[PDB]
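Working notes, beginning with the structure itself.
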Amino acid sequence: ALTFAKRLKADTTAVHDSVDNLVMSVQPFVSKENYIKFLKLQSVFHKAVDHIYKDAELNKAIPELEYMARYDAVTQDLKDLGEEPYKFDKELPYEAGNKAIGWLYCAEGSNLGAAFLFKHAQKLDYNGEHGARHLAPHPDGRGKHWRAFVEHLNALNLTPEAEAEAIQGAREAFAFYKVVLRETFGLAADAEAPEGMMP
Ligand code: HEM
């Protein structure tokens, strides 16, 4: 990998796939009840990167970053389902520095992949205007919007030392996501999708 954005993906594809498999494994779209659990998980994760999107310094290296946050859309999705705002039990990670960049990558990247989730959400009468607001595509199209975001990432001009932290940060973001998922769907700690399952 000769670029920052590509190295991130490279060092996190395995953990990313474990996330994809685990989410699918818990049947988020099998019922309104389960979907609600999926929204709560999403809520927590996006609440946890809300301070990163609105990060002064980061908004200098990346334009309109703050406006890319999906936390509100998720809370509104919860509203549409008859649920009041959800709040995590434990303490929410509040990452900063280069490791927080990894978290940003994780959250922003998840948009790129919400297409699949968006499609299955729409099978439950949940679309970008109701219930699946947080999954709808960026007005400019997931592809474009993302490739652009990528330029900004590769633009930070982080040193190998910096990337190392950001990448470790991206792994930790993916790890947290699974911790919340397990708790939200009532699984044991360290629970994973059936071994051998492919995304
Ligand atoms: C079962 C649910 C999920 C599915 C089916 C899924 C699927 C995918 C797919 C197909 C892409 C393709 C993007 C493209 O090349 O156009 C992608 C990208 C991405 N996903 Fe997932 N994903 C899921 C959940 C998540 C979650 C919950 C996170 C993180 C908390 C995550 C983070 C990312 C990241 C960071 C990227 C960007 C990868 C890159 O560097 O191009 N995904 N995902």
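By order in the structure tokens, chains are A, B, ...; within a chain, residues start at 1; ligands start at 1, following the order shown.
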
Can you check which parts of chain A lie within 8 Å of ligand 1? Per residue, the shortest pair of atoms and distance in Å to one decimal, counting only C-alpha atoms and all ligand atoms, sorted by chain and number, as JSON lines.
{"residue": "A:5", "atom": "CA", "partner": "ligand 1", "partner_atom_place_in_ligand_line": "40 (O)", "distance": 6.2}
{"residue": "A:6", "atom": "CA", "partner": "ligand 1", "partner_atom_place_in_ligand_line": "40 (O)", "distance": 6.4}
{"residue": "A:8", "atom": "CA", "partner": "ligand 1", "partner_atom_place_in_ligand_line": "40 (O)", "distance": 6.6}
{"residue": "A:9", "atom": "CA", "partner": "ligand 1", "partner_atom_place_in_ligand_line": "40 (O)", "distance": 4.4}
{"residue": "A:10", "atom": "CA", "partner": "ligand 1", "partner_atom_place_in_ligand_line": "40 (O)", "distance": 8.0}
{"residue": "A:13", "atom": "CA", "partner": "ligand 1", "partner_atom_place_in_ligand_line": "38 (C)", "distance": 7.7}
{"residue": "A:16", "atom": "CA", "partner": "ligand 1", "partner_atom_place_in_ligand_line": "31 (C)", "distance": 6.2}
{"residue": "A:17", "atom": "CA", "partner": "ligand 1", "partner_atom_place_in_ligand_line": "22 (N)", "distance": 7.6}
{"residue": "A:19", "atom": "CA", "partner": "ligand 1", "partner_atom_place_in_ligand_line": "24 (C)", "distance": 6.3}
{"residue": "A:20", "atom": "CA", "partner": "ligand 1", "partner_atom_place_in_ligand_line": "1 (C)", "distance": 3.6}
{"residue": "A:21", "atom": "CA", "partner": "ligand 1", "partner_atom_place_in_ligand_line": "1 (C)", "distance": 6.0}
{"residue": "A:22", "atom": "CA", "partner": "ligand 1", "partner_atom_place_in_ligand_line": "1 (C)", "distance": 7.2}
{"residue": "A:23", "atom": "CA", "partner": "ligand 1", "partner_atom_place_in_ligand_line": "1 (C)", "distance": 4.9}
{"residue": "A:24", "atom": "CA", "partner": "ligand 1", "partner_atom_place_in_ligand_line": "1 (C)", "distance": 5.0}
{"residue": "A:42", "atom": "CA", "partner": "ligand 1", "partner_atom_place_in_ligand_line": "27 (C)", "distance": 7.6}
{"residue": "A:45", "atom": "CA", "partner": "ligand 1", "partner_atom_place_in_ligand_line": "30 (C)", "distance": 7.2}
{"residue": "A:105", "atom": "CA", "partner": "ligand 1", "partner_atom_place_in_ligand_line": "35 (C)", "distance": 5.6}
{"residue": "A:106", "atom": "CA", "partner": "ligand 1", "partner_atom_place_in_ligand_line": "35 (C)", "distance": 3.9}
{"residue": "A:107", "atom": "CA", "partner": "ligand 1", "partner_atom_place_in_ligand_line": "29 (C)", "distance": 5.6}
{"residue": "A:108", "atom": "CA", "partner": "ligand 1", "partner_atom_place_in_ligand_line": "35 (C)", "distance": 6.4}
{"residue": "A:109", "atom": "CA", "partner": "ligand 1", "partner_atom_place_in_ligand_line": "35 (C)", "distance": 3.3}
{"residue": "A:110", "atom": "CA", "partner": "ligand 1", "partner_atom_place_in_ligand_line": "32 (C)", "distance": 3.5}
{"residue": "A:111", "atom": "CA", "partner": "ligand 1", "partner_atom_place_in_ligand_line": "20 (N)", "distance": 6.9}
{"residue": "A:112", "atom": "CA", "partner": "ligand 1", "partner_atom_place_in_ligand_line": "13 (C)", "distance": 4.8}
{"residue": "A:113", "atom": "CA", "partner": "ligand 1", "partner_atom_place_in_ligand_line": "43 (N)", "distance": 3.5}
{"residue": "A:114", "atom": "CA", "partner": "ligand 1", "partner_atom_place_in_ligand_line": "6 (C)", "distance": 6.2}
{"residue": "A:115", "atom": "CA", "partner": "ligand 1", "partner_atom_place_in_ligand_line": "10 (C)", "distance": 7.4}
{"residue": "A:116", "atom": "CA", "partner": "ligand 1", "partner_atom_place_in_ligand_line": "5 (C)", "distance": 5.2}
{"residue": "A:117", "atom": "CA", "partner": "ligand 1", "partner_atom_place_in_ligand_line": "2 (C)", "distance": 6.0}
{"residue": "A:142", "atom": "CA", "partner": "ligand 1", "partner_atom_place_in_ligand_line": "16 (O)", "distance": 7.5}
{"residue": "A:143", "atom": "CA", "partner": "ligand 1", "partner_atom_place_in_ligand_line": "16 (O)", "distance": 6.4}
{"residue": "A:173", "atom": "CA", "partner": "ligand 1", "partner_atom_place_in_ligand_line": "30 (C)", "distance": 6.9}
{"residue": "A:174", "atom": "CA", "partner": "ligand 1", "partner_atom_place_in_ligand_line": "30 (C)", "distance": 5.5}
{"residue": "A:177", "atom": "CA", "partner": "ligand 1", "partner_atom_place_in_ligand_line": "30 (C)", "distance": 5.6}
{"residue": "A:199", "atom": "CA", "partner": "ligand 1", "partner_atom_place_in_ligand_line": "5 (C)", "distance": 7.0}

Using N, CA, C and O atoms, can you export the residues from the last selection as a CSV table (one decimal), in the first residue's frame?
chain,number,residue,atom,x,y,z
A,5,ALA,N,-4.7,6.1,3.0
A,5,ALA,CA,-6.1,5.5,3.0
A,5,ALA,C,-6.1,4.1,2.7
A,5,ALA,O,-6.9,3.3,3.1
A,6,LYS,N,-5.1,3.6,1.8
A,6,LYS,CA,-5.1,2.2,1.4
A,6,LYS,C,-4.4,1.4,2.5
A,6,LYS,O,-4.8,0.2,2.7
A,8,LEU,N,-4.7,1.9,5.7
A,8,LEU,CA,-5.8,1.8,6.7
A,8,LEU,C,-6.7,0.6,6.4
A,8,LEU,O,-6.8,-0.3,7.2
A,9,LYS,N,-7.2,0.6,5.2
A,9,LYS,CA,-8.1,-0.5,4.7
A,9,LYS,C,-7.4,-1.8,4.8
A,9,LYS,O,-7.9,-2.8,5.3
A,10,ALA,N,-6.1,-1.8,4.4
A,10,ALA,CA,-5.3,-3.1,4.4
A,10,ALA,C,-5.2,-3.6,5.8
A,10,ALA,O,-5.5,-4.8,6.0
A,13,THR,N,-9.0,-4.7,7.1
A,13,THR,CA,-10.0,-5.5,6.4
A,13,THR,C,-10.5,-6.7,7.1
A,13,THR,O,-11.6,-7.0,7.1
A,16,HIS,N,-12.6,-5.6,9.9
A,16,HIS,CA,-13.8,-5.1,9.3
A,16,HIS,C,-14.7,-6.2,8.9
A,16,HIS,O,-15.9,-6.1,9.2
A,17,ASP,N,-14.2,-7.2,8.3
A,17,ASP,CA,-15.0,-8.4,7.9
A,17,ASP,C,-15.6,-9.0,9.1
A,17,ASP,O,-16.7,-9.5,9.0
A,19,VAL,N,-16.6,-7.6,11.7
A,19,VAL,CA,-17.7,-6.7,12.1
A,19,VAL,C,-18.9,-7.0,11.2
A,19,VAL,O,-20.0,-7.1,11.8
A,20,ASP,N,-18.7,-7.0,9.9
A,20,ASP,CA,-19.7,-7.2,8.9
A,20,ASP,C,-20.4,-8.6,9.3
A,20,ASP,O,-21.7,-8.6,9.4
A,21,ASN,N,-19.6,-9.6,9.5
A,21,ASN,CA,-20.2,-10.9,9.8
A,21,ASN,C,-21.0,-10.9,11.1
A,21,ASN,O,-22.0,-11.5,11.2
A,22,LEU,N,-20.4,-10.3,12.1
A,22,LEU,CA,-21.1,-10.2,13.4
A,22,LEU,C,-22.5,-9.5,13.3
A,22,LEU,O,-23.5,-9.9,13.9
A,23,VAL,N,-22.5,-8.3,12.7
A,23,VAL,CA,-23.7,-7.6,12.5
A,23,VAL,C,-24.8,-8.4,11.8
A,23,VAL,O,-25.9,-8.5,12.3
A,24,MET,N,-24.4,-9.0,10.7
A,24,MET,CA,-25.3,-9.8,10.0
A,24,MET,C,-25.7,-11.0,10.9
A,24,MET,O,-26.9,-11.4,10.9
A,42,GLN,N,-25.8,1.7,16.7
A,42,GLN,CA,-25.3,2.7,15.8
A,42,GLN,C,-25.3,4.0,16.6
A,42,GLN,O,-24.3,4.8,16.5
A,45,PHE,N,-22.1,4.3,18.8
A,45,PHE,CA,-20.9,4.4,18.0
A,45,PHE,C,-20.8,5.9,17.4
A,45,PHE,O,-19.7,6.5,17.5
A,105,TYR,N,-11.9,7.6,10.3
A,105,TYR,CA,-11.8,6.8,9.2
A,105,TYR,C,-12.9,5.7,9.3
A,105,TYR,O,-13.6,5.4,8.3
A,106,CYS,N,-12.9,5.0,10.4
A,106,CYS,CA,-13.9,4.0,10.7
A,106,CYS,C,-15.3,4.4,10.4
A,106,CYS,O,-16.1,3.8,9.7
A,107,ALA,N,-15.7,5.5,11.1
A,107,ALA,CA,-17.1,6.0,11.0
A,107,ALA,C,-17.4,6.5,9.6
A,107,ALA,O,-18.5,6.2,9.1
A,108,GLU,N,-16.5,7.2,9.0
A,108,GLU,CA,-16.8,7.8,7.6
A,108,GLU,C,-16.8,6.6,6.6
A,108,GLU,O,-17.6,6.6,5.7
A,109,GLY,N,-15.9,5.7,6.8
A,109,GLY,CA,-15.9,4.6,5.9
A,109,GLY,C,-17.1,3.7,6.0
A,109,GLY,O,-17.6,3.2,5.0
A,110,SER,N,-17.7,3.6,7.2
A,110,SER,CA,-18.9,2.9,7.4
A,110,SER,C,-20.1,3.4,6.5
A,110,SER,O,-21.0,2.7,6.1
A,111,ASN,N,-20.0,4.7,6.1
A,111,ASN,CA,-21.0,5.3,5.2
A,111,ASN,C,-20.9,4.6,3.9
A,111,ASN,O,-21.9,4.2,3.3
A,112,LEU,N,-19.7,4.5,3.4
A,112,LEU,CA,-19.4,3.9,2.1
A,112,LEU,C,-20.1,2.6,2.1
A,112,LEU,O,-20.6,2.2,1.0
A,113,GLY,N,-20.1,1.8,3.2
A,113,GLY,CA,-20.7,0.5,3.2
A,113,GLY,C,-22.1,0.4,3.7
A,113,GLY,O,-22.6,-0.7,3.7
A,114,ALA,N,-22.7,1.5,4.0
A,114,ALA,CA,-24.1,1.4,4.5
A,114,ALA,C,-25.1,1.1,3.4
A,114,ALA,O,-26.3,0.8,3.7
A,115,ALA,N,-24.6,1.0,2.1
A,115,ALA,CA,-25.5,0.7,1.0
A,115,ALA,C,-26.2,-0.6,1.3
A,115,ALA,O,-27.5,-0.7,1.2
A,116,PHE,N,-25.5,-1.7,1.5
A,116,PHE,CA,-26.1,-3.0,1.8
A,116,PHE,C,-27.1,-2.9,2.9
A,116,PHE,O,-28.2,-3.4,2.8
A,117,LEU,N,-26.7,-2.3,4.0
A,117,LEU,CA,-27.6,-2.1,5.1
A,117,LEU,C,-28.8,-1.2,4.7
A,117,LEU,O,-30.0,-1.5,5.2
A,142,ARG,N,-22.3,8.2,-2.4
A,142,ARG,CA,-21.2,7.5,-1.6
A,142,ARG,C,-19.9,7.5,-2.2
A,142,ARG,O,-18.9,7.7,-1.5
A,143,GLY,N,-19.8,7.1,-3.4
A,143,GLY,CA,-18.5,7.0,-4.1
A,143,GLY,C,-17.7,8.3,-4.1
A,143,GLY,O,-16.6,8.4,-3.6
A,173,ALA,N,-11.4,1.4,17.1
A,173,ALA,CA,-12.8,1.8,16.8
A,173,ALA,C,-13.6,0.6,16.4
A,173,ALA,O,-14.7,0.4,16.9
A,174,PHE,N,-13.1,-0.2,15.5
A,174,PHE,CA,-13.7,-1.4,15.1
A,174,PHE,C,-14.0,-2.3,16.3
A,174,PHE,O,-15.0,-3.0,16.4
A,177,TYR,N,-16.9,-1.0,18.5
A,177,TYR,CA,-18.1,-1.3,17.8
A,177,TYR,C,-18.6,-2.7,18.2
A,177,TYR,O,-19.8,-2.8,18.6
A,199,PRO,N,-18.0,-12.5,4.3
A,199,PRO,CA,-18.8,-11.3,4.2
A,199,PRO,C,-19.8,-11.3,3.0
A,199,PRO,O,-19.8,-12.3,2.3

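Those residues that approach residue 52 (chain A) to within 7 Å, counting only C-alpha atoms, are residues 49, 50, 54, 55, 100 and 104 of chain A; same-chain residues fewer than 2 positions away are not listed.
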
Which residues of region 92-133 of chain A come within 7 Å of region 153-169 of chain A, and for each one, what is the closest pair of atoms and their distance in Å to one decimal, counting only C-alpha atoms, sorted by chain and residue number, as a tab-separated table?
residue	atom	partner	partner_atom	distance
A:98	CA	A:166	CA	4.9
A:99	CA	A:169	CA	4.1
A:100	CA	A:169	CA	6.2
A:101	CA	A:166	CA	5.5
A:102	CA	A:166	CA	4.3
A:103	CA	A:169	CA	6.0

As a ChimeraX atom specification, please: the residues near region 182-196 of chain A (cut-off 8 Å, only C-alpha atoms, same-chain neighbours under 5 positions excluded). /A:18,21-22,25-26,37-38,40-41

For the residues selected in the previous step, produce a file with N, CA, C and O atoms as a short mmCIF file (atom, residue, chain, number, x, y, z; two decimals), in the first residue's frame.
data_model
loop_
_atom_site.label_atom_id
_atom_site.label_comp_id
_atom_site.auth_asym_id
_atom_site.auth_seq_id
_atom_site.Cartn_x
_atom_site.Cartn_y
_atom_site.Cartn_z
N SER A 18 -14.91 -9.07 10.25
CA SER A 18 -15.46 -9.70 11.44
C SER A 18 -16.65 -8.87 11.92
O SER A 18 -17.60 -9.41 12.48
N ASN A 21 -19.64 -9.62 9.47
CA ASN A 21 -20.18 -10.94 9.80
C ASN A 21 -20.97 -10.94 11.11
O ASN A 21 -22.05 -11.53 11.18
N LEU A 22 -20.44 -10.28 12.14
CA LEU A 22 -21.13 -10.25 13.43
C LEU A 22 -22.46 -9.49 13.35
O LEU A 22 -23.48 -9.95 13.87
N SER A 25 -24.77 -11.57 11.59
CA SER A 25 -25.06 -12.71 12.44
C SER A 25 -26.19 -12.49 13.46
O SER A 25 -26.91 -13.43 13.81
N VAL A 26 -26.36 -11.25 13.94
CA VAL A 26 -27.40 -10.97 14.93
C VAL A 26 -28.78 -10.60 14.36
O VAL A 26 -29.69 -10.25 15.11
N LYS A 37 -32.57 -2.51 18.19
CA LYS A 37 -31.31 -2.82 18.85
C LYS A 37 -30.15 -2.37 17.95
O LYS A 37 -29.14 -1.86 18.43
N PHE A 38 -30.31 -2.54 16.64
CA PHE A 38 -29.28 -2.11 15.71
C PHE A 38 -29.11 -0.59 15.76
O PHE A 38 -28.00 -0.08 15.67
N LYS A 40 -29.70 1.35 18.33
CA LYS A 40 -29.07 1.71 19.60
C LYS A 40 -27.55 1.56 19.50
O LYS A 40 -26.80 2.42 19.99
N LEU A 41 -27.10 0.47 18.87
CA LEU A 41 -25.67 0.21 18.66
C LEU A 41 -25.11 1.36 17.82
O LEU A 41 -24.11 1.98 18.19
#

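Checking A:73, A:96, A:1, A:150 one by one against residue 56 (chain A), counting only C-alpha atoms, you find the shortest gap at A:96.
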
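If you look at CA of residue 7 (chain A) and CA of residue 68 (chain A), they are 22.7 Å away from each other.
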
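If you look at CA of residue 127 (chain A) and CA of residue 48 (chain A), they are 24.0 Å away from each other.
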
Per DSSP on the backbone, what are the alpha helix (DSSP H) residues of region 25-130 of chain A, as an NGL selection string? :A and (25 or 32-48 or 50-53 or 58-61 or 71-80 or 97-112 or 114-121)

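With only C-alpha atoms as the atoms that count, the minimum distance from residue 123 (chain A) to the choices A:69, A:30, A:148, A:74 is reached by A:30.
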